[PDB]
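Pasting a structure here, questions to come.
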Amino acid sequence: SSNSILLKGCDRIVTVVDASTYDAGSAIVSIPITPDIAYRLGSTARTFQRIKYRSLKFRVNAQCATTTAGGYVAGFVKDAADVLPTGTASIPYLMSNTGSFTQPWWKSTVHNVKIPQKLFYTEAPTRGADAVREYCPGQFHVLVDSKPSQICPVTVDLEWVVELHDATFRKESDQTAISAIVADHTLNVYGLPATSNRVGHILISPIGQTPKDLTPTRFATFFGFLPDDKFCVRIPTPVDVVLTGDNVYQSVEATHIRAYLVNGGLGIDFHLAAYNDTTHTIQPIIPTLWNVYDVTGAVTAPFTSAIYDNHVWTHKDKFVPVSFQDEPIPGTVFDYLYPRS
Amino acid sequence: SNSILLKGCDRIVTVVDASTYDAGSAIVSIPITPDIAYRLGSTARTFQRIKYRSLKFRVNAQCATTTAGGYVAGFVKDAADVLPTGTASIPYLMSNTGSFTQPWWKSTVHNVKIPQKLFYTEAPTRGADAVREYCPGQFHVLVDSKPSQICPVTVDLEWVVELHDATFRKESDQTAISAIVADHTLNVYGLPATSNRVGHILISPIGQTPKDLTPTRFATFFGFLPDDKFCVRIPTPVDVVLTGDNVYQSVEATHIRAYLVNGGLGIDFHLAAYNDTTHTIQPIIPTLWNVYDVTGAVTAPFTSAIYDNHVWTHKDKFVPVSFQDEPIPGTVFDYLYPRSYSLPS
Amino acid sequence: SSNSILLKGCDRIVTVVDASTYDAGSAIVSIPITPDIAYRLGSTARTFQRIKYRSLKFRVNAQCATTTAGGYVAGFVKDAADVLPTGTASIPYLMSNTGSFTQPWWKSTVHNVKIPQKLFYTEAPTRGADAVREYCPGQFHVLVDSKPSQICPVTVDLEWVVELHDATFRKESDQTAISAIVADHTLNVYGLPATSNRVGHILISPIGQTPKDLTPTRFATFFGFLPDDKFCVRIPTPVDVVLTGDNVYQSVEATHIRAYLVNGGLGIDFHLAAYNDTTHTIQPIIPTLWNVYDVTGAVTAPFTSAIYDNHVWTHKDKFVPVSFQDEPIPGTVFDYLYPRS
Amino acid sequence: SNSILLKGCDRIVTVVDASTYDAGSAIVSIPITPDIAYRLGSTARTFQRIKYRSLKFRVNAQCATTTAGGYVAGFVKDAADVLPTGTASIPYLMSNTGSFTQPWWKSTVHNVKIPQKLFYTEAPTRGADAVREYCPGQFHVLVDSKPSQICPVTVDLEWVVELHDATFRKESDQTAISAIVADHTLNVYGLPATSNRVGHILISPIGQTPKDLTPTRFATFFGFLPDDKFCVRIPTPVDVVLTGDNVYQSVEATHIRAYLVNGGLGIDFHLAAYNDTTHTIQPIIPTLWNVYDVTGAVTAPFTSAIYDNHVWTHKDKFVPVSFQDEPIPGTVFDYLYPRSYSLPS
Amino acid sequence: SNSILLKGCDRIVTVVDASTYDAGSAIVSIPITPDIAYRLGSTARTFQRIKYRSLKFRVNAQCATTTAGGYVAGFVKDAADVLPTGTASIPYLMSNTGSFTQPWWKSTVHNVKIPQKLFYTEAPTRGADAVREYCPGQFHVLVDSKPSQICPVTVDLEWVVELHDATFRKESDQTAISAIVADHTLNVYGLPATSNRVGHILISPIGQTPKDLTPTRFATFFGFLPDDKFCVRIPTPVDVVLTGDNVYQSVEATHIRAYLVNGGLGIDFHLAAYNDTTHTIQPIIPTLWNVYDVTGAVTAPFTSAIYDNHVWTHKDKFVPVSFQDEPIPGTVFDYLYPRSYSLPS
């Protein structure tokens, strides 16, 4: 038998590389409060089933030089399910949630939230539906009120104090979905000019001009971290691909973006990919390399040509980091392979 | 004010068959640190210091009265003391105040009066390793006399502690890893200069002649399967001497690293060190070893190389580090290089 | 017989020349708390064996103009042994230590730490192992959260109040290890082109471009102070050197960087060096000048050529100031020979 | 049980002649550890922690009632603290609590007031040597003013102690030696390359010319007689370069070993290291140094060796170890290699 | 002081397998002397007299609850008394007070009622070995009915004792060896006069033909490994007759000594005695045996020697002594010449 405890403490809850390019109404911060966010809380809360948040104090510091014009609104919505309105008019909504404050970028805010008399679970349900309100007392937002003029990186710190009950040990946290660290760029796949060399490839287009290939250095400016040869991420909505060649046809649901090796195992490039039932691994959908079973049960690579439907990804898209088996990698493993900055 | 009182219960050692262990050897010899229990560990990592109110060890042995033989348990008082590593483990362990001897079929609980001192929760990362600062002592369960038939043994720990001074740490900074088998060794030979086998790591079964380290053997030596980016910091650096035309350089092989050969089908293992040029641990092959001259330009002027012979046993501890020499964490290593799951250590 | 006392006071604990070039996650401040740091405390604590820190209040002032973007995290770890994780992810660790605060460079922080009911010694053990936790209640860090944009020098002041016991008089403090005052430079020894003039010499390479000779003025920009003709410092890890000439060979463990005279006693240069058993002094390892005993007991300088293994030192390296006898010089003597700035 | 109260009186330090001690130097400089006294140390072995209740240092100074001068004695509280090697030790020690002067003829019994802390009873066998854990401080006796005539001084200790937490230490004691006399050093030489005593250990006095070890010469440097079974671990390894017919190897001379010379009726000393082939510490001699190769065969192809020069002083700490560098017990060493009976050791 | 009351519990005898012991033979036959137990013996050393207040023998018999048979245990009061080497030991031991039978699986804690007499704490170093002075009696455990399967038995002792009259014993312990196995003897031979191994020690099994000492053969006879520094005093001297060119001397071979053979990479054993010239124990070899004469000069005129035959058995008590027949300490011998760790020794 075990006991229930009362913990106090504080952690970094979220850190942003200057998301100044984000236009008015964009949410540069919007994290749903679970023990998983904080390192220290998330370590102890891992040894309990049920948590009760008696006080959450948020500190929003923007390291934006006093010469930066513009401002923000920060605040806490007491509903896990609630999601903010489209850009421009999110500001007056968030403001109507008590404890919300409006401030110029160079000033900092402090938000004392209280959520007593409500007992949550400490993990999203593994089996069953994701009833988010069962384990989340709300989400904390920081909306850009007026676009900042210069380098404006933001940070939120939580000063928490909680009750924890019903002792049990959980597994390590899987790495959550990732989005871009910048709102003036887009990843793109173009399959149109079929005679092109890089036609199934992921490319970064500055929203303005013509798209470029994914240099790891670019990948880093877009995602925050540097890519390795086993970077695989789940795609928000599958991209249709169609293999072909010699009275053989097969359509392929492209569910991932895999990182593969470019020329004789010295470089690295990114490609639409899918789980290949031959290899039991997520592979880049190259016609000459894509193997398939036939009725006999034998493996063959009959494909020569392929056509990719175009797609676009934005800063608003959520990519899930996974292994080549489509297993969500644990957080600590991700944090190790992908140091931020 | 930050400090708490945590009660809990946890598995210390997982089920093992005592009938495979010899007389005198321990089924358990475990220094007490919060990092052994799961529940205890994962909370106490968020604290700096700790006091052990209560510790009750449960030794469960799930076998019938037919099994002959017994075990000997107890708690040593200081973490510095080291039980003699023979079959004398018994008479020594039996001398300490808390000492139980039972038949294998009889299971027991053992309460340990622990000095009410505040220990640190973690070993020192900096300065000297004053072991008595963070460990109140080791718990032991020895094999007095081998069990006559299959007797499986487990150890649970009913713990109650106080935790103080709030901090945070992860599972483990690094990991150490030794061999699983004791009748082999790993070797580097550079003695027959002209051989294409020099510098490469090999597996000698102590009596037998040495042969090339291939994944299948690697498994049986280390417990897990190697790969492209397996790298390890060796305990003793190995001297290596590169040369060319008007050129000479001494290079301490600080790592054993995996690299890929004949197009990337197979992988071999070679002495290695951090290359100041590339900022990565590299296999120290003369033609491929790059060096700055005084002008800041990179050359690869080396053509010959001499490796000093060295040997490694089941006693040698190797530490996995990624290239760039960043030592790789425990949780992460077990994920990238998985062995069989045994709980103690 | 003597008495035990209760002292209060304050001193400068550490002062930094703008360490703005230090990238995110670098620790521009990380000093382990001992009486040796403070002048005034360190003077009285010198007359006592055992100290008990009842309150430590730190004041972090950055003199970084309000136009400087970026920020920092300061805080106190209550463990002498604990050492922070590698760069990027040190920030969330330090933050989880209570009393830690995140702030833009142009703002200041204040940290009230309490460590009562713990009695420390007032000096690192002279004989025995360096059990750091015996005489150190923890270390104070200032981590760069976001690299500052302009000249950002930092200072920490301590406002301490302590108990002192068991009276005894100690020797003067030896000068502690030194590191560079800048993270965009590296000292280097290159021995490769053996026909080169300056091949055993210490040189400063801007991480970017080709390495330069050590002008005292450069030495100052790297180390903080100006070199004298008896600057000798212990090297973190020995550099292998190999003397030779005429059927005579000898390898030499280069343990120091000595400052020697360049041309007819008017200039000064820096060289790999070792303790020469002939002269009983640490000398620059020049082949023609390196003397050795032979079996007869007679001194001879048979060496003509030499080969130095390359090495690199960084801002992260710790050099120990020593005399030519490898004696650690006392702090006051160092402070006199090497005025800062 | 698990607790006792133990009283007794033993000899802490045997006779010393203060008349031969430079002003300011200590004639007694002794850390308090239970092993310091014969009855205490033997019983304290059967426990883990200890509290020094009362410690009374009986300083028996027996100089003639004419002989002028005096001594300063005291008890410095910190174990790890070390007095200055000069005349300034006295004004330093007088600054310590409970410090005093008294003329050489006057014996005193100084009562020390030890903190009521529990110390560990033994130097830590695992981990680092944190002296502060198991020693409440040092007891000193300096020569204030060098005596004129013979000045015999001894010390006894009236002790009473609590011994707690009962466990038995093996105790696998290990000794570490240094030179007895400091008026000369012993050293190796690499040059000339042609000589016969190259890599051989020699004693070089202040008088420059080195000389082999008689070994009655060895006797005067260490304080005991050698033995063909003598081996010692070096504080700093010495680089030795073996070479032969198209072969080359670097070797760390980690030991000084004694070996039989020209038909076994002689003994000399040489640089040595663990030989991986022989599984023992051998003298690094080219023709006698065997090595494996890629095939697994043993070979002695080496014809010459280049030893680096290296000196050793009184300051250097040697450690005796049987071949295969196995630590020798305190009582075994003191038997095989007996130094003049002194106290403390 | 000068008196204490000491309590504790140690291991009296380690595991024995009763299943390999002929009926009536003792698996435990142990005289009670403070050194018998690790904590007791160490402290009892710092006193002179002792009173055994309570002695409780914890007999841990762990045989399977099926294995049939039983054991008889008891405590014979006289130290010097010795049980009969037969099956009649049981009816004899049952006749002793406080004697009992119990089946092999059943462990008991037998409390012994010791006379309230003070015994000396140590075997007398000067004078004769009156065992009755310092031993209150023996504790026995006979095999009543030979067990079927493996039958592990141990013993522990709950002891409480008064220790009186406080003085410290050196203690200059001295060991005495006998053969471990009795299935064969070692012997000397004098005939034929022409042979090479005459006067040499040899091992003669039940199988008649003698053989030299491998010395892994020596290992099986004594229970430990030899060493060129091995010397031993013989229970009964052996007459050796040296002779040469008109000279004749009689010699008592008082020792068996190990000596280097054919260039020192070998070892053999030979009859020996103290040589008055050399002041050491040398192998009695004609050409190597030196003697004085009326003038004071040393001479080796002897050309042949006649050794008398002599055998040695398990019964014969050897005593190890360094050259010059100086007794070797218990802890020194056990180190140099280690036998398998057993208890009692």
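Per-chain numbering from 1; labels A, B, C, D and E assigned in written order.
Just so we're on the same page, contacts are C-beta pairs under 8 Å (C-beta built on N, C-alpha and C of every residue); 3 or more make two chains touch, one makes a residue touch a chain.
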Innermost chain, where centres are averages of C-alpha coordinates: B
CA centroid of chain B to CA centroid of chain E, Å: 43
Interchain centroid distance [CA atoms averaged], chain A/chain C, Å: 42
Distance between chain centroids, defined by C-alpha means - chain C, chain E (Å): 63
Whole-Å separation of chain centres (CA-atom averages), chain A against chain E: 78
Sites on chain D at which at least two other chains make contact: 1, 128, 130, 133, 166, 168
All touching chain pairs, where touch follows the definition stated at the start: A-B, A-C, B-C, B-D, B-E, C-D, D-E
Residues of chain D defined as touching chain B within the complex: 1-2, 48-49, 118, 120, 122, 124-128, 130, 133, 165-170, 172, 246-250, 276, 291-296, 299
Chain B residues touching chain D - in the complex, by the definition given at the top: 76-82, 84, 92, 95-97, 115, 128-133, 187, 189-193, 195, 197-198, 202, 204, 208-210, 239, 241, 306, 308-311
Residues of chain E that touch chain D when the two form their complex: 1, 4, 6-8, 10, 38-39, 42-43, 45-46, 166, 168, 229, 260, 264, 329, 331-332, 335-336
Residue ranges of chain E touching chain B (in the complex, touch as defined): 9-11, 14-15, 38-39, 60, 62-67, 149-152, 154, 156, 341, 343
Parts of chain C lying in touch with chain A, wherever the complex brings them together: 23-25, 66-71, 86-89, 91-93, 95-96, 98, 100, 102-106, 145-146, 149
